[PDB]
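Scroll down for the structure; my scribbles are underneath it.
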Amino acid sequence: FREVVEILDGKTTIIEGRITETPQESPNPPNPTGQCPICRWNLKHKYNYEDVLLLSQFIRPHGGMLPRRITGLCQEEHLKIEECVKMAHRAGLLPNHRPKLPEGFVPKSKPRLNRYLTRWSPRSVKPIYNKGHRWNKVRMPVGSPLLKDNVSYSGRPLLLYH
Amino acid sequence: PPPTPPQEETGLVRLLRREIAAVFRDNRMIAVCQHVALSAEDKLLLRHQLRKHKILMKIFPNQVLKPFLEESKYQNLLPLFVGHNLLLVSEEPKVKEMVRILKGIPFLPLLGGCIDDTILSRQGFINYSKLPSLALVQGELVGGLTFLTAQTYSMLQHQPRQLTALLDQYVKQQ
Amino acid sequence: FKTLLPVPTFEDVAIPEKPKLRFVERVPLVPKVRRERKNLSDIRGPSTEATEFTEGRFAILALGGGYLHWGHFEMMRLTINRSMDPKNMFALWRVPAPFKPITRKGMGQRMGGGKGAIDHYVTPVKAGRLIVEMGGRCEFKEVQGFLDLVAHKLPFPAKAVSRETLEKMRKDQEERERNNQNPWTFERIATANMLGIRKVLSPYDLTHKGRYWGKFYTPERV
Amino acid sequence: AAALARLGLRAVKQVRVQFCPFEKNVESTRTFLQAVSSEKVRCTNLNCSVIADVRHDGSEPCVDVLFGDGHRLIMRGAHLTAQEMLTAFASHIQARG
Amino acid sequence: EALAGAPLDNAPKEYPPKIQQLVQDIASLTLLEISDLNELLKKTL
Amino acid sequence: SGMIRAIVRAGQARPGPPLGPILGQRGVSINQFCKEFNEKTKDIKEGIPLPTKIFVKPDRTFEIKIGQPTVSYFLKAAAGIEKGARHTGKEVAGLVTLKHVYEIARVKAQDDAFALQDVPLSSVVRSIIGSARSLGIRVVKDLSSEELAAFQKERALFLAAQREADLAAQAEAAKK
RNA sequence: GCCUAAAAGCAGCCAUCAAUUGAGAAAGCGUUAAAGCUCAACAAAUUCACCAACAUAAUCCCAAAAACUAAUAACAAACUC
Ligand SMILES: [Mg+2]
Ligand SMILES: [Mg+2]
Ligand SMILES: [Mg+2]
Ligand SMILES: [Mg+2]
Ligand SMILES: [Zn+2]
């Protein structure tokens, strides 16, 4: 991994780039002939928002996603993993993947409400005051429709709107 | 993925390959310079100054120049042909006036090139420009070869010249 | 660096005289004096006429059924004439002039008393029929761009198709209807009268195969 | 080049890019030179001196900017991206000057 | 076959062996051969 | 400030638009520019137009660079017509010989464009031929003894009929 | 090139040629007219990139809730044993 460092010594600015050692892929994948990382490690339709050990492999230390041209995922798996990382960040997993603000960490605010499988952003959804009748019911979306192809061991489909 | 669908060569890339081959085969001085983004009026001015000394500039796509270069005997020019490129092509390599006219523009750096199958850097080009003419050096090689016999004759004739100079200084003393 | 591809050249196409769309009359030269019933079968079902290209290369395809009257005709004519190039493009109709009389009654009239009075004329259009057909030495991108407006302003759903796009969509429909996975199809069940479904179905459903419902047409319904 | 032209480079005296074109890590520095020596960057200020030092055995490509605030920005670019160097140089120029 | 390495003047210490081998072919011959060499070189060049 | 292109007459440099407001907004005065232009082109036949480039500097100073006259003017003069043809390709305006084209190319080669471009006279002759094709002037190989006048008579009759037809169309549009 | 007060790629009509490795008498903004900002062409790279999203009524919203422990389950009639 490359790091950009700045040195200030008497109105002289030195910008330097330092390369450190990075971990590599595990030596024995279960499906070596697969072109995609997930689809060759056999994690397709297997991960979720809880699998932080997989979602944290390719994200920036400030919680941002990594480009597909650099990672190598197929487009659908990239979108799925992006939505899963969003849902994990909203649910509260990956707490060390946030920027450190020493000036903003002191003014504590209202306690964080616990949530999970959050599809939209908490600051953009409006409360459903009408809620509809039985025939026209305003259903509340839960989870993402991109994870509708995951393996269902119980056989029942996932209720994406409830 | 399925096997490779081999892409077929077209007339444009054939023309480009043939032109690059003709350039690398016919002329002698092949200088590589960085294609700097200047005003087209200044580009035309440099083109005029180049055609004054009968040297031309060419621009070829990397996609057709890199494979030809790594297939030919010019594989040592690969670190030069990555970014923007300018091929200074000329018969009768005369680097003196070339470096003279390139010195006027400060931020147009000479990358390198080849002088008669001799790959040189900027310092090599400067040294070749400062080097005398081929006629001068081939006339001076004969002198440097016969210099041994010349100094032998001078040192065998210096013995009477020593006494001669002794007599001259003794005369000049008074 | 990108390769230089050749451009399509049109020399065999001939632009005929009067390439613009001709004016259509609101009422035919001989008005129908006898009032006719509103047969909705001229809207129901698939189109049998004007389903293929005659001389042009692009057209406006109707994915549903409806009525075209003088307002629609004038809209299409004006838009196409003002957005076309008469030196390189020509257009022609594929639907006749409004001929079917539509009767109306005054406001405040009670039910009964007889038939109303002929208000205006319409042109019945079924699903899958071409409305305007264009050709010339032009490409499809510009024609599609300026024909999507007319296709949207038409009553029924419509698309700006060409020969290639029409054949592509028909072959795609064939591929879907041939590689469908579930063994139960509307055509099979209706033809075999499985579960006694003919009691709720219609005698025209045996030919519509569940793709046409009234005046609407669902092209993704096999 | 456009981001530099829209910055008002009038407050810079000398910019020298010293590199060796026969290396494997001079791509970013060469593009930095071509971006800082564009026509728009030339015409936005004519008092600036842009030098391109070409060596063969230096093996350490770097850039040096001395601008009239008495300020010296020195960046030894061996692994930095051209975009990162451009943004750093632009932010520093707009911060001091 | 390939091209040269194109060295610079920073650490220039290796000369091509041809200019040394010509010096050895020069220094391995006699004075009559030196006379023939410079007479031939003076007539041709 | 920047460069300004302007096709100005030889000695007819008026201090009004379409050159007054531009130089005034740039900051340079107009009377000084007109004086300089007239003293620089006093040796030129007053009336013929030529392109020039005015480089206005940030200190409200200006320099002038005058080039060769317009190719359209050269062709109109060599053909003997005052105004070009309206419908190029369908009608013929004048008749110019390749000799006249070569002379025009030789006189025009000493300009900014063909000076910055080291190019033989062949491409300049090609440019003159293209400009003549745009103007509507035909270029015959070797045909000028009296058929030039024979075509000039027909051209004058055509221009007279065209003027009468234009007046008739104007009157029709007026009474309609 | 004509028209026009001005018509400079761009109210309009006609041609649509010409050098450069490479740039349309110009496909969009802009000026009274220029200027100026883009698009396409070379040189620099090359993740994917065609259409698809659309407010509302009056007494008070309207079961509560729930995305994974195995389901051609189970519970369910005046039907049938
Ligand atoms: Mg509609
Ligand atoms: Mg472009
Ligand atoms: Mg509202
Ligand atoms: Mg029971
Ligand atoms: Zn994949």
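By order of appearance in the structure tokens: chains A, B, ..., then residues from 1 within every chain, and ligands from 1 in the order shown.
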Extract the full set of strand (DSSP E) residues from stretch 74-168 of chain F according to DSSP on the backbone, and format it as a PyMOL selection string.
chain F and resi 95-97+138-140
Export, as a PDB file, in the first residue's frame, the selected residues with C-alpha atoms.
```pdb
ATOM      1  CA  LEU F  95     -13.521  32.315 -65.890  1.00  0.00           C
ATOM      2  CA  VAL F  96      -9.992  32.079 -64.478  1.00  0.00           C
ATOM      3  CA  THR F  97      -7.062  30.283 -66.105  1.00  0.00           C
ATOM      4  CA  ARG F 138     -14.750  28.009 -63.251  1.00  0.00           C
ATOM      5  CA  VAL F 139     -11.116  27.150 -63.992  1.00  0.00           C
ATOM      6  CA  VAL F 140     -10.593  26.052 -67.600  1.00  0.00           C
TER       7      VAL F 140
END
```
Distance filter 12 Å, only C-alpha atoms (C1' of nucleotides), chain D against chain G, as a PyMOL selection string:
chain D and resi 27+30-31+34-35
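Based on only C-alpha atoms (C1' of nucleotides) and all ligand atoms, the protein and nucleic acid residues found within 12 Å of ligand 4 are, by chain and then by number, residues 74, 75, 76, 77, 79 and 80 of chain G.
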Emit the selected residues as a PDB file, in the first residue's frame, including N, CA, C and O atoms (P, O5', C5', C4', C3', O3' and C1' of nucleotides).
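Result went into out_6.pdb, see below:
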```pdb
ATOM      1  P     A G  74     -49.335 -32.116   5.957  1.00  0.00           P
ATOM      2  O5'   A G  74     -49.752 -31.244   7.222  1.00  0.00           O
ATOM      3  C5'   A G  74     -49.238 -31.525   8.515  1.00  0.00           C
ATOM      4  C4'   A G  74     -49.413 -30.345   9.435  1.00  0.00           C
ATOM      5  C3'   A G  74     -50.845 -29.880   9.645  1.00  0.00           C
ATOM      6  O3'   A G  74     -51.520 -30.633  10.637  1.00  0.00           O
ATOM      7  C1'   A G  74     -49.473 -28.019   9.156  1.00  0.00           C
ATOM      8  P     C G  75     -53.115 -30.805  10.586  1.00  0.00           P
ATOM      9  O5'   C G  75     -53.669 -29.336  10.837  1.00  0.00           O
ATOM     10  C5'   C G  75     -53.479 -28.684  12.083  1.00  0.00           C
ATOM     11  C4'   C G  75     -54.067 -27.299  12.058  1.00  0.00           C
ATOM     12  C3'   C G  75     -55.504 -27.218  11.579  1.00  0.00           C
ATOM     13  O3'   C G  75     -56.429 -27.527  12.600  1.00  0.00           O
ATOM     14  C1'   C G  75     -54.217 -25.577  10.473  1.00  0.00           C
ATOM     15  P     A G  76     -57.915 -27.986  12.220  1.00  0.00           P
ATOM     16  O5'   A G  76     -58.572 -26.659  11.649  1.00  0.00           O
ATOM     17  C5'   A G  76     -59.761 -26.723  10.891  1.00  0.00           C
ATOM     18  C4'   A G  76     -59.790 -25.678   9.809  1.00  0.00           C
ATOM     19  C3'   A G  76     -60.688 -26.002   8.631  1.00  0.00           C
ATOM     20  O3'   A G  76     -62.055 -25.756   8.891  1.00  0.00           O
ATOM     21  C1'   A G  76     -58.599 -25.331   7.820  1.00  0.00           C
ATOM     22  P     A G  77     -62.950 -26.915   9.551  1.00  0.00           P
ATOM     23  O5'   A G  77     -64.425 -26.581   9.071  1.00  0.00           O
ATOM     24  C5'   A G  77     -65.387 -27.611   8.931  1.00  0.00           C
ATOM     25  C4'   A G  77     -66.368 -27.285   7.840  1.00  0.00           C
ATOM     26  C3'   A G  77     -67.237 -28.432   7.360  1.00  0.00           C
ATOM     27  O3'   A G  77     -68.337 -28.691   8.212  1.00  0.00           O
ATOM     28  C1'   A G  77     -66.351 -27.295   5.500  1.00  0.00           C
ATOM     29  P     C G  79     -71.346 -32.841   4.066  1.00  0.00           P
ATOM     30  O5'   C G  79     -71.219 -33.023   2.490  1.00  0.00           O
ATOM     31  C5'   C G  79     -70.705 -31.986   1.669  1.00  0.00           C
ATOM     32  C4'   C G  79     -69.504 -32.461   0.895  1.00  0.00           C
ATOM     33  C3'   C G  79     -69.102 -33.902   1.154  1.00  0.00           C
ATOM     34  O3'   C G  79     -69.842 -34.811   0.358  1.00  0.00           O
ATOM     35  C1'   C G  79     -67.198 -32.506   1.317  1.00  0.00           C
ATOM     36  P     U G  80     -70.480 -36.134   1.005  1.00  0.00           P
ATOM     37  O5'   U G  80     -69.231 -37.098   1.190  1.00  0.00           O
ATOM     38  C5'   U G  80     -68.363 -37.374   0.104  1.00  0.00           C
ATOM     39  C4'   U G  80     -67.140 -38.117   0.568  1.00  0.00           C
ATOM     40  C3'   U G  80     -67.390 -39.165   1.635  1.00  0.00           C
ATOM     41  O3'   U G  80     -67.869 -40.383   1.096  1.00  0.00           O
ATOM     42  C1'   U G  80     -65.546 -37.832   2.261  1.00  0.00           C
TER      43        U G  80
END
```
Do me a favour and pick out the residues of chain E within 10 Å of chain D, using only C-alpha atoms, as a short mmCIF file (atom, residue, chain, number, x, y, z; two decimals) with N, CA, C and O atoms, in the first residue's frame.
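out30.cif, written as the output of this step:
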```cif
data_model
loop_
_atom_site.label_atom_id
_atom_site.label_comp_id
_atom_site.auth_asym_id
_atom_site.auth_seq_id
_atom_site.Cartn_x
_atom_site.Cartn_y
_atom_site.Cartn_z
N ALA E 6 23.43 1.78 -23.96
CA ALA E 6 23.38 3.24 -23.97
C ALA E 6 23.76 3.80 -22.61
O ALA E 6 22.90 4.35 -21.90
N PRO E 7 25.02 3.70 -22.21
CA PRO E 7 25.45 4.24 -20.91
C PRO E 7 25.58 5.76 -20.97
O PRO E 7 25.42 6.38 -22.02
N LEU E 8 25.89 6.34 -19.82
CA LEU E 8 26.02 7.79 -19.68
C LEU E 8 27.41 8.13 -19.14
O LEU E 8 28.25 7.25 -18.92
N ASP E 9 27.65 9.42 -18.95
CA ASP E 9 28.92 9.93 -18.45
C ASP E 9 29.00 9.97 -16.93
O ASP E 9 30.02 10.41 -16.39
N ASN E 10 27.95 9.54 -16.23
CA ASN E 10 27.98 9.54 -14.77
C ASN E 10 29.00 8.53 -14.25
O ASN E 10 29.88 8.87 -13.45
N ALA E 11 28.89 7.27 -14.69
CA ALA E 11 29.84 6.22 -14.30
C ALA E 11 30.43 5.56 -15.54
O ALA E 11 30.48 4.33 -15.64
#
```
Polymer residues at most 12 Å from residue G:45, only C-alpha atoms (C1' of nucleotides), same-chain spacing of 3 or more positions, as a ChimeraX atom specification:
/B:62-63,82-84 /C:1-2
Non-local contacts of residue A:96 (12 Å; only C-alpha atoms (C1' of nucleotides); under 4 positions in same chain excluded) as an MDAnalysis selection string:
chainID A and resid 52 56 59:63 89 92 100
Nearest candidate to chain A (options D:87, D:18, D:49, D:37; using only C-alpha atoms):
D:87
If you count only C-alpha atoms (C1' of nucleotides) and all ligand atoms, which residues end up within 10 Å of ligand 2, as an MDAnalysis selection string?
chainID G and resid 38:41
Residue selection dump (C-alpha atoms (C1' of nucleotides)) as a PDB file, in the first residue's frame:
```pdb
ATOM      1  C1'   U G  38     -17.757  23.255 -26.174  1.00  0.00           C
ATOM      2  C1'   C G  39     -18.392  18.703 -29.758  1.00  0.00           C
ATOM      3  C1'   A G  40     -16.453  15.509 -33.145  1.00  0.00           C
ATOM      4  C1'   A G  41      -9.724  14.087 -35.796  1.00  0.00           C
TER       5        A G  41
END
```
Could you give me, as JSON lines, a per-residue list for chain A showing, wherever an atom lies at most 9 Å from an atom of ligand 5, the closest pair of atoms and their distance in Å to one decimal, using only C-alpha atoms and all ligand atoms and sorting by chain then residue number from low to high?
```
{"residue": "A:34", "atom": "CA", "partner": "ligand 5", "partner_atom_place_in_ligand_line": "1 (Zn)", "distance": 8.0}
{"residue": "A:35", "atom": "CA", "partner": "ligand 5", "partner_atom_place_in_ligand_line": "1 (Zn)", "distance": 6.9}
{"residue": "A:36", "atom": "CA", "partner": "ligand 5", "partner_atom_place_in_ligand_line": "1 (Zn)", "distance": 4.2}
{"residue": "A:37", "atom": "CA", "partner": "ligand 5", "partner_atom_place_in_ligand_line": "1 (Zn)", "distance": 6.6}
{"residue": "A:38", "atom": "CA", "partner": "ligand 5", "partner_atom_place_in_ligand_line": "1 (Zn)", "distance": 6.0}
{"residue": "A:39", "atom": "CA", "partner": "ligand 5", "partner_atom_place_in_ligand_line": "1 (Zn)", "distance": 4.7}
{"residue": "A:40", "atom": "CA", "partner": "ligand 5", "partner_atom_place_in_ligand_line": "1 (Zn)", "distance": 7.6}
{"residue": "A:44", "atom": "CA", "partner": "ligand 5", "partner_atom_place_in_ligand_line": "1 (Zn)", "distance": 7.8}
{"residue": "A:72", "atom": "CA", "partner": "ligand 5", "partner_atom_place_in_ligand_line": "1 (Zn)", "distance": 8.2}
{"residue": "A:73", "atom": "CA", "partner": "ligand 5", "partner_atom_place_in_ligand_line": "1 (Zn)", "distance": 5.4}
{"residue": "A:74", "atom": "CA", "partner": "ligand 5", "partner_atom_place_in_ligand_line": "1 (Zn)", "distance": 3.9}
{"residue": "A:75", "atom": "CA", "partner": "ligand 5", "partner_atom_place_in_ligand_line": "1 (Zn)", "distance": 7.2}
{"residue": "A:76", "atom": "CA", "partner": "ligand 5", "partner_atom_place_in_ligand_line": "1 (Zn)", "distance": 7.3}
{"residue": "A:77", "atom": "CA", "partner": "ligand 5", "partner_atom_place_in_ligand_line": "1 (Zn)", "distance": 5.9}
{"residue": "A:78", "atom": "CA", "partner": "ligand 5", "partner_atom_place_in_ligand_line": "1 (Zn)", "distance": 8.3}
```
Atoms kept (N, CA and C atoms) for selection, written as a compact mmCIF listing (two decimals), in the first residue's frame:
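See result.txt below for the written result:
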```
# COMPACT_ATOMS: atom_id res chain seq x y z
N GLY A 34 -12.06 -19.68 -11.84
CA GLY A 34 -13.03 -18.60 -11.86
C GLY A 34 -12.36 -17.25 -12.06
N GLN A 35 -12.96 -16.43 -12.93
CA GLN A 35 -12.37 -15.15 -13.28
C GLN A 35 -12.58 -14.09 -12.20
N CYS A 36 -13.63 -14.22 -11.43
CA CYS A 36 -14.04 -13.25 -10.42
C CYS A 36 -13.55 -13.66 -9.04
N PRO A 37 -13.19 -12.70 -8.17
CA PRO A 37 -12.74 -13.06 -6.82
C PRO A 37 -13.79 -13.82 -6.01
N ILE A 38 -14.98 -13.23 -5.87
CA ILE A 38 -16.05 -13.88 -5.12
C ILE A 38 -16.48 -15.17 -5.81
N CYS A 39 -16.77 -15.08 -7.10
CA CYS A 39 -17.27 -16.22 -7.87
C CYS A 39 -16.22 -17.30 -8.08
N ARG A 40 -14.97 -17.07 -7.66
CA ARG A 40 -13.95 -18.11 -7.67
C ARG A 40 -13.57 -18.59 -6.28
N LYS A 44 -20.35 -16.64 -3.90
CA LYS A 44 -21.50 -16.09 -4.60
C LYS A 44 -22.80 -16.62 -3.99
N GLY A 72 -11.78 -6.10 -8.99
CA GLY A 72 -11.89 -7.16 -9.96
C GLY A 72 -13.21 -7.92 -9.92
N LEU A 73 -14.16 -7.44 -9.13
CA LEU A 73 -15.44 -8.12 -9.01
C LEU A 73 -16.27 -7.92 -10.27
N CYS A 74 -17.12 -8.91 -10.56
CA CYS A 74 -18.11 -8.73 -11.61
C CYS A 74 -19.16 -7.73 -11.16
N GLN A 75 -19.76 -7.03 -12.13
CA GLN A 75 -20.58 -5.85 -11.83
C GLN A 75 -21.67 -6.14 -10.81
N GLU A 76 -22.36 -7.27 -10.95
CA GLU A 76 -23.45 -7.58 -10.02
C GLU A 76 -22.92 -7.82 -8.62
N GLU A 77 -21.79 -8.54 -8.49
CA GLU A 77 -21.22 -8.76 -7.17
C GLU A 77 -20.70 -7.47 -6.57
N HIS A 78 -20.18 -6.57 -7.41
CA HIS A 78 -19.73 -5.27 -6.92
C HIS A 78 -20.90 -4.46 -6.37
```
